[PDB]
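In what follows, a single structure is set out as structure tokens and then discussed.
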Number of protein chains: 2
Amino acid sequence: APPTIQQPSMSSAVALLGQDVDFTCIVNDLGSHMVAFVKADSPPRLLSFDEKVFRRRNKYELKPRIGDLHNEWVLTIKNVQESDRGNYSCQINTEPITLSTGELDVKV
Amino acid sequence: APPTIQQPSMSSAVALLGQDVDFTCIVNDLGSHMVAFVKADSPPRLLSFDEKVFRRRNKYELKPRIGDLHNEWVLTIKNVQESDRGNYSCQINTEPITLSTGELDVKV
Ligand SMILES: *[C@@H]1O[C@H](CO)[C@@H](O)[C@H](O)[C@H]1NC(C)=O
Ligand SMILES: *[C@@H]1O[C@H](CO)[C@@H](O)[C@H](O)[C@H]1NC(C)=O
């Protein structure tokens, strides 16, 4: 079986300023494939690769390979701000690609 | 010194269908920081992380840490197609971030 993303994954969310929000990507049959979290933006921002956050460890947290099956990948956006509004995706390096996207709406 | 991107890096380019095109990111003072190449799209696509292409090794090639200074990172897009049009960025996990973007125009 190829990797698939179990649903619900990457559910859209809303938040007030300062609230913490999680996006969860649950991957079935990941095997040796890699998971990356990205924010859609111009330019986009890599947020995590495999088991490590790319940068800003106090802003983004990644709990990779958790859950009962070691197959839940939870990205936390801490202290949400207006600049965090937008679309977050988790993507797996399959051919063809496998991905799931959800929106963060920020209320002031 | 923090990482910086030497200019010219990530120069815009044009191509006919089937042509190969390179984007080069030349990083001064990279240290232990990581380089990622991303395509802006909805959703964006991670193309490479550190020294390895994310996926589609026959489509994207990465020559990481080449040049005289071992500080040129060259991403090749092989066999350019209409779907390859858009903005390619290299980004380094500094705080704050360091990045450079160039456009690929595809002619039919
Ligand atoms: C996120 O993507 C949806 C399409 O799935 C789009 O309608 C929405 O505007 C995007 N959110 C942004 C750009 O903040
Ligand atoms: C790439 O980004 C530039 C802004 O720097 C924008 O004008 C252009 O439309 C983009 N190219 C696309 C979306 O193909």
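Scheme for the structure tokens: letters A, B, ... for chains in order shown; per-chain residue numbers from 1; ligand numbers from 1 in order shown.
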Using only C-alpha atoms and all ligand atoms, what are the residues with an atom within 10 Å of ligand 1, set out as a PyMOL selection string?
(chain A and resi 12+39-41+83-89+101-106) or (chain B and resi 42-43)
Output the contact residues of chain B with respect to chain A at a cut-off of 10 Å, based on only C-alpha atoms, as number ranges by chain.
B: 33-47, 49, 53-56, 87-97, 99-101
Only N, CA, C and O atoms, please: the residues just picked out, written as a short mmCIF file (atom, residue, chain, number, x, y, z; two decimals), in the first residue's frame.
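As written to disk, part.cif reads:
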data_model
loop_
_atom_site.label_atom_id
_atom_site.label_comp_id
_atom_site.auth_asym_id
_atom_site.auth_seq_id
_atom_site.Cartn_x
_atom_site.Cartn_y
_atom_site.Cartn_z
N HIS B 33 23.37 25.73 9.30
CA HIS B 33 22.00 25.93 8.88
C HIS B 33 21.64 25.04 7.70
O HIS B 33 22.51 24.51 6.99
N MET B 34 20.34 24.84 7.51
CA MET B 34 19.80 23.98 6.47
C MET B 34 19.24 24.81 5.32
O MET B 34 18.61 25.85 5.55
N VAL B 35 19.40 24.30 4.10
CA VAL B 35 18.89 24.92 2.87
C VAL B 35 17.75 24.07 2.34
O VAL B 35 17.88 22.84 2.21
N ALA B 36 16.64 24.72 1.99
CA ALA B 36 15.52 24.02 1.37
C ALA B 36 15.13 24.76 0.10
O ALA B 36 15.17 25.98 0.06
N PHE B 37 14.75 24.03 -0.94
CA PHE B 37 14.19 24.64 -2.15
C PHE B 37 12.70 24.34 -2.20
O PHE B 37 12.28 23.21 -1.94
N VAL B 38 11.90 25.35 -2.52
CA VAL B 38 10.45 25.21 -2.51
C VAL B 38 9.89 25.86 -3.77
O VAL B 38 10.47 26.80 -4.32
N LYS B 39 8.79 25.32 -4.30
CA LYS B 39 8.06 25.97 -5.37
C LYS B 39 6.81 26.60 -4.78
O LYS B 39 6.04 25.91 -4.09
N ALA B 40 6.53 27.84 -5.15
CA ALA B 40 5.31 28.50 -4.71
C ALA B 40 4.16 28.00 -5.57
O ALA B 40 4.23 28.01 -6.80
N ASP B 41 3.12 27.50 -4.91
CA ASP B 41 2.00 26.87 -5.59
C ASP B 41 0.94 26.68 -4.53
O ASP B 41 1.19 26.89 -3.34
N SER B 42 -0.25 26.29 -4.95
CA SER B 42 -1.31 26.02 -3.97
C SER B 42 -1.67 24.55 -4.07
O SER B 42 -2.39 24.16 -5.01
N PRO B 43 -1.20 23.70 -3.15
CA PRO B 43 -0.24 24.03 -2.08
C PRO B 43 1.21 24.06 -2.59
O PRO B 43 1.50 23.50 -3.67
N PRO B 44 2.11 24.69 -1.85
CA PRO B 44 3.52 24.71 -2.26
C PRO B 44 4.08 23.31 -2.23
O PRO B 44 3.46 22.37 -1.71
N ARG B 45 5.23 23.16 -2.85
CA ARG B 45 5.88 21.87 -2.96
C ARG B 45 7.29 22.01 -2.44
O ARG B 45 8.07 22.82 -2.96
N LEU B 46 7.63 21.24 -1.42
CA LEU B 46 9.03 21.07 -1.07
C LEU B 46 9.74 20.32 -2.20
O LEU B 46 9.29 19.25 -2.65
N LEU B 47 10.85 20.89 -2.68
CA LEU B 47 11.63 20.27 -3.74
C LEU B 47 12.90 19.60 -3.24
O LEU B 47 13.28 18.55 -3.76
N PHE B 49 15.58 19.24 0.59
CA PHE B 49 15.92 19.60 1.96
C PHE B 49 17.36 19.19 2.20
O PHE B 49 17.72 18.03 1.98
N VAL B 53 17.03 15.67 -2.79
CA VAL B 53 15.73 15.98 -3.38
C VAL B 53 14.63 15.26 -2.60
O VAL B 53 14.80 14.12 -2.14
N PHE B 54 13.49 15.93 -2.45
CA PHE B 54 12.37 15.35 -1.71
C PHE B 54 11.82 14.13 -2.44
O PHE B 54 11.59 13.08 -1.83
N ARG B 55 11.62 14.24 -3.74
CA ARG B 55 10.99 13.20 -4.54
C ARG B 55 11.29 13.51 -5.99
O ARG B 55 11.82 14.58 -6.31
N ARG B 56 10.90 12.58 -6.87
CA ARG B 56 11.06 12.71 -8.33
C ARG B 56 12.51 13.04 -8.71
O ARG B 56 12.80 14.07 -9.31
N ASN B 87 7.34 30.28 -9.25
CA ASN B 87 8.38 30.91 -8.45
C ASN B 87 9.08 29.88 -7.58
O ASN B 87 8.43 29.11 -6.87
N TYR B 88 10.40 29.85 -7.67
CA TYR B 88 11.22 28.89 -6.96
C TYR B 88 12.01 29.67 -5.94
O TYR B 88 12.60 30.71 -6.27
N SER B 89 12.06 29.17 -4.72
CA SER B 89 12.79 29.89 -3.70
C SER B 89 13.78 28.96 -2.99
O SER B 89 13.54 27.76 -2.84
N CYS B 90 14.92 29.50 -2.58
CA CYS B 90 15.75 28.74 -1.65
C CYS B 90 15.65 29.46 -0.32
O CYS B 90 15.60 30.69 -0.28
N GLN B 91 15.56 28.69 0.74
CA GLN B 91 15.36 29.28 2.05
C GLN B 91 16.25 28.59 3.07
O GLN B 91 16.52 27.39 2.96
N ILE B 92 16.82 29.40 3.99
CA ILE B 92 17.72 28.90 5.02
C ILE B 92 17.07 29.12 6.36
O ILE B 92 16.39 30.13 6.55
N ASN B 93 17.21 28.13 7.26
CA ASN B 93 16.52 28.17 8.56
C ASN B 93 17.17 29.07 9.59
O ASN B 93 17.31 28.70 10.76
N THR B 94 17.52 30.26 9.15
CA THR B 94 17.96 31.28 10.09
C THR B 94 16.76 31.93 10.74
O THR B 94 15.60 31.77 10.33
N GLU B 95 17.07 32.67 11.80
CA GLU B 95 16.11 33.50 12.51
C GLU B 95 16.76 34.87 12.54
O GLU B 95 17.76 35.08 13.26
N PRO B 96 16.24 35.83 11.79
CA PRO B 96 15.11 35.58 10.89
C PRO B 96 15.50 34.82 9.60
O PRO B 96 16.68 34.59 9.34
N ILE B 97 14.51 34.48 8.80
CA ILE B 97 14.77 33.60 7.65
C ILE B 97 15.63 34.32 6.62
O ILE B 97 15.70 35.54 6.55
N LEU B 99 16.17 34.07 2.41
CA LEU B 99 15.65 33.42 1.21
C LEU B 99 15.85 34.29 -0.02
O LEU B 99 16.16 35.48 0.06
N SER B 100 15.76 33.64 -1.17
CA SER B 100 15.92 34.25 -2.47
C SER B 100 14.98 33.50 -3.42
O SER B 100 14.88 32.26 -3.35
N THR B 101 14.32 34.24 -4.31
CA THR B 101 13.30 33.70 -5.20
C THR B 101 13.54 34.13 -6.64
O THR B 101 13.94 35.28 -6.90
#
Least-squares fit on all C-alpha atoms, paired in order: put chain A onto chain B and return it as a PDB file with C-alpha atoms, in the first residue's frame.
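Generated file (out-v2.pdb):
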ATOM      1  CA  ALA A   1      28.151  36.350  10.518  1.00  0.00           C
ATOM      2  CA  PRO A   2      24.674  35.055   9.788  1.00  0.00           C
ATOM      3  CA  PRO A   3      24.017  33.180   6.550  1.00  0.00           C
ATOM      4  CA  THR A   4      23.517  35.444   3.564  1.00  0.00           C
ATOM      5  CA  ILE A   5      22.638  34.703  -0.030  1.00  0.00           C
ATOM      6  CA  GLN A   6      25.210  35.984  -2.494  1.00  0.00           C
ATOM      7  CA  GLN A   7      23.874  37.785  -5.467  1.00  0.00           C
ATOM      8  CA  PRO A   8      23.067  36.893  -8.165  1.00  0.00           C
ATOM      9  CA  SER A   9      21.239  33.856  -6.757  1.00  0.00           C
ATOM     10  CA  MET A  10      17.884  32.401  -7.894  1.00  0.00           C
ATOM     11  CA  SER A  11      17.909  34.392 -11.119  1.00  0.00           C
ATOM     12  CA  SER A  12      14.719  34.322 -13.136  1.00  0.00           C
ATOM     13  CA  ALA A  13      14.833  32.164 -16.255  1.00  0.00           C
ATOM     14  CA  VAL A  14      12.845  31.292 -19.378  1.00  0.00           C
ATOM     15  CA  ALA A  15      12.586  27.941 -21.157  1.00  0.00           C
ATOM     16  CA  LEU A  16      10.914  26.111 -23.996  1.00  0.00           C
ATOM     17  CA  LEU A  17       9.097  22.841 -23.327  1.00  0.00           C
ATOM     18  CA  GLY A  18      11.636  20.084 -22.698  1.00  0.00           C
ATOM     19  CA  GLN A  19      14.508  22.458 -21.849  1.00  0.00           C
ATOM     20  CA  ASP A  20      16.484  21.984 -18.621  1.00  0.00           C
ATOM     21  CA  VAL A  21      16.870  24.973 -16.287  1.00  0.00           C
ATOM     22  CA  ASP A  22      18.966  25.558 -13.158  1.00  0.00           C
ATOM     23  CA  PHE A  23      18.343  27.788 -10.131  1.00  0.00           C
ATOM     24  CA  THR A  24      21.480  28.431  -8.074  1.00  0.00           C
ATOM     25  CA  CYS A  25      21.498  29.508  -4.423  1.00  0.00           C
ATOM     26  CA  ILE A  26      24.941  30.633  -3.256  1.00  0.00           C
ATOM     27  CA  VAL A  27      25.073  30.825   0.504  1.00  0.00           C
ATOM     28  CA  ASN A  28      27.798  32.649   2.413  1.00  0.00           C
ATOM     29  CA  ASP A  29      28.342  31.790   6.086  1.00  0.00           C
ATOM     30  CA  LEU A  30      25.827  28.917   6.070  1.00  0.00           C
ATOM     31  CA  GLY A  31      27.391  27.206   9.082  1.00  0.00           C
ATOM     32  CA  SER A  32      25.118  24.475  10.422  1.00  0.00           C
ATOM     33  CA  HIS A  33      21.999  25.935   8.878  1.00  0.00           C
ATOM     34  CA  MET A  34      19.799  23.980   6.468  1.00  0.00           C
ATOM     35  CA  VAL A  35      18.893  24.920   2.874  1.00  0.00           C
ATOM     36  CA  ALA A  36      15.519  24.023   1.372  1.00  0.00           C
ATOM     37  CA  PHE A  37      14.187  24.642  -2.148  1.00  0.00           C
ATOM     38  CA  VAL A  38      10.447  25.205  -2.510  1.00  0.00           C
ATOM     39  CA  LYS A  39       8.056  25.975  -5.369  1.00  0.00           C
ATOM     40  CA  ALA A  40       5.306  28.505  -4.709  1.00  0.00           C
ATOM     41  CA  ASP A  41       2.000  26.874  -5.590  1.00  0.00           C
ATOM     42  CA  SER A  42      -1.306  26.020  -3.970  1.00  0.00           C
ATOM     43  CA  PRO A  43      -0.244  24.034  -2.084  1.00  0.00           C
ATOM     44  CA  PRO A  44       3.515  24.712  -2.259  1.00  0.00           C
ATOM     45  CA  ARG A  45       5.881  21.869  -2.958  1.00  0.00           C
ATOM     46  CA  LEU A  46       9.032  21.067  -1.072  1.00  0.00           C
ATOM     47  CA  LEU A  47      11.630  20.268  -3.741  1.00  0.00           C
ATOM     48  CA  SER A  48      14.731  19.533  -1.639  1.00  0.00           C
ATOM     49  CA  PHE A  49      15.924  19.602   1.955  1.00  0.00           C
ATOM     50  CA  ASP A  50      19.590  19.805   2.895  1.00  0.00           C
ATOM     51  CA  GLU A  51      21.410  17.514   0.432  1.00  0.00           C
ATOM     52  CA  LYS A  52      18.569  15.414  -0.950  1.00  0.00           C
ATOM     53  CA  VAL A  53      15.734  15.980  -3.379  1.00  0.00           C
ATOM     54  CA  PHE A  54      12.374  15.346  -1.712  1.00  0.00           C
ATOM     55  CA  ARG A  55      10.994  13.197  -4.540  1.00  0.00           C
ATOM     56  CA  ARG A  56      11.060  12.706  -8.330  1.00  0.00           C
ATOM     57  CA  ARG A  57      14.810  12.202  -8.692  1.00  0.00           C
ATOM     58  CA  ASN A  58      14.409  12.001 -12.494  1.00  0.00           C
ATOM     59  CA  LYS A  59      12.703  15.438 -12.541  1.00  0.00           C
ATOM     60  CA  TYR A  60      14.672  17.530 -10.030  1.00  0.00           C
ATOM     61  CA  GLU A  61      18.338  17.222  -9.391  1.00  0.00           C
ATOM     62  CA  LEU A  62      20.215  18.832  -6.579  1.00  0.00           C
ATOM     63  CA  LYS A  63      23.952  19.396  -6.505  1.00  0.00           C
ATOM     64  CA  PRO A  64      24.362  20.520  -2.905  1.00  0.00           C
ATOM     65  CA  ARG A  65      27.484  22.176  -1.561  1.00  0.00           C
ATOM     66  CA  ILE A  66      29.333  22.477  -4.880  1.00  0.00           C
ATOM     67  CA  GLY A  67      31.459  25.224  -6.353  1.00  0.00           C
ATOM     68  CA  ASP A  68      34.909  26.261  -5.167  1.00  0.00           C
ATOM     69  CA  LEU A  69      33.577  27.119  -1.693  1.00  0.00           C
ATOM     70  CA  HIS A  70      31.245  24.147  -1.358  1.00  0.00           C
ATOM     71  CA  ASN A  71      28.529  26.802  -0.994  1.00  0.00           C
ATOM     72  CA  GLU A  72      26.650  26.669  -4.321  1.00  0.00           C
ATOM     73  CA  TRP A  73      23.384  24.758  -4.270  1.00  0.00           C
ATOM     74  CA  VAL A  74      22.097  24.097  -7.790  1.00  0.00           C
ATOM     75  CA  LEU A  75      18.567  22.847  -8.360  1.00  0.00           C
ATOM     76  CA  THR A  76      17.918  21.559 -11.880  1.00  0.00           C
ATOM     77  CA  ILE A  77      14.395  21.315 -13.271  1.00  0.00           C
ATOM     78  CA  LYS A  78      14.645  18.790 -16.060  1.00  0.00           C
ATOM     79  CA  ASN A  79      12.339  18.611 -19.070  1.00  0.00           C
ATOM     80  CA  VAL A  80      10.473  21.825 -18.314  1.00  0.00           C
ATOM     81  CA  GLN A  81       6.690  21.761 -18.847  1.00  0.00           C
ATOM     82  CA  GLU A  82       3.881  24.296 -18.448  1.00  0.00           C
ATOM     83  CA  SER A  83       3.256  22.931 -14.951  1.00  0.00           C
ATOM     84  CA  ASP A  84       6.805  23.996 -13.960  1.00  0.00           C
ATOM     85  CA  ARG A  85       5.993  27.709 -14.464  1.00  0.00           C
ATOM     86  CA  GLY A  86       6.219  29.724 -11.275  1.00  0.00           C
ATOM     87  CA  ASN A  87       8.384  30.912  -8.447  1.00  0.00           C
ATOM     88  CA  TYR A  88      11.223  28.890  -6.963  1.00  0.00           C
ATOM     89  CA  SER A  89      12.795  29.893  -3.703  1.00  0.00           C
ATOM     90  CA  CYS A  90      15.750  28.743  -1.653  1.00  0.00           C
ATOM     91  CA  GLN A  91      15.357  29.277   2.054  1.00  0.00           C
ATOM     92  CA  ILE A  92      17.721  28.900   5.018  1.00  0.00           C
ATOM     93  CA  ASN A  93      16.520  28.165   8.565  1.00  0.00           C
ATOM     94  CA  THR A  94      17.962  31.278  10.087  1.00  0.00           C
ATOM     95  CA  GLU A  95      16.114  33.496  12.513  1.00  0.00           C
ATOM     96  CA  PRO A  96      15.108  35.578  10.887  1.00  0.00           C
ATOM     97  CA  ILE A  97      14.774  33.601   7.655  1.00  0.00           C
ATOM     98  CA  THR A  98      17.019  34.072   4.672  1.00  0.00           C
ATOM     99  CA  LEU A  99      15.650  33.424   1.212  1.00  0.00           C
ATOM    100  CA  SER A 100      15.923  34.247  -2.470  1.00  0.00           C
ATOM    101  CA  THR A 101      13.297  33.697  -5.200  1.00  0.00           C
ATOM    102  CA  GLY A 102      13.323  33.569  -8.985  1.00  0.00           C
ATOM    103  CA  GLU A 103      10.665  32.980 -11.628  1.00  0.00           C
ATOM    104  CA  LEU A 104      10.565  30.339 -14.357  1.00  0.00           C
ATOM    105  CA  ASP A 105       8.666  31.422 -17.454  1.00  0.00           C
ATOM    106  CA  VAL A 106       7.720  28.601 -19.837  1.00  0.00           C
ATOM    107  CA  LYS A 107       7.215  29.282 -23.558  1.00  0.00           C
ATOM    108  CA  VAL A 108       5.175  26.948 -25.769  1.00  0.00           C
TER     109      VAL A 108
END
Filtered DSSP result for chain A, state strand (DSSP E or B), as a count of residues only:
56
